[PDB]
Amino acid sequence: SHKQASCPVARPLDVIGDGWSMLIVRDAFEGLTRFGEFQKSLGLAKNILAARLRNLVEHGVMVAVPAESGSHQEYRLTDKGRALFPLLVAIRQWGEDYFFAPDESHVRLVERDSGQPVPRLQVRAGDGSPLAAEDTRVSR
């Protein structure tokens, strides 16, 4: 669809530009691996979960294989899929920052050893200082 856009922002939208793919990815980062685990987490219709998972596998974000004991089938993040972590954190932080009323609460992403919330993910310059959007440009 955008697969032959020259744009690095557009190509990935073919894979993650939908209402569910990043939530399957969120769940995989939380340790879910089985089709039925995803279905019950997402509440998503089986055939529709099937299509989103199929697409993630076709795009090399996940690999579906048999479990070690051969007792069932699992889906795991590839290196390409694990690389979605910064994007996932950015989506989470933007949701935290803009999508909840003052009286609502939500889960937090925390350091395993700390329990301390993971800090805001910032764009930084080569010197390590905070870099604002207006101090960048896109070059051909």
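One-based numbering along the sequence shown.
**Q** When the C-alpha temperature factors are averaged for each of 64-72 and 85-93, which stretch ends up with the higher value in the entry?
**A** Taking the mean B-factor of the alpha carbons in each, 64-72 is higher.
**Q** Between 1-9 and 129-137, which has the larger average Cα B-factor in the PDB entry?
**A** The entry gives the higher C-alpha B-factor average to 1-9.
**Q** Comparing residue 121 with the other modelled residues of its chain, is its CA B-factor in the lowest, middle or highest third?
**A** Middle third by C-alpha B-factor.
**Q** With respect to C-alpha B-factor, does residue 111 fall in the lowest, middle or highest third of the chain as deposited?
**A** Middle third, going by the recorded CA B-factors of the chain.
**Q** Classify residue 49 as lowest, middle or highest third according to the C-alpha B-factor given in the PDB entry, relative to its own chain.
**A** For residue 49, the deposited C-alpha B-factor lands in the middle third.
**Q** Could you tell me which third, lowest, middle or highest, the C-alpha B-factor of residue 103 occupies within its chain?
**A** Top third by C-alpha B-factor.
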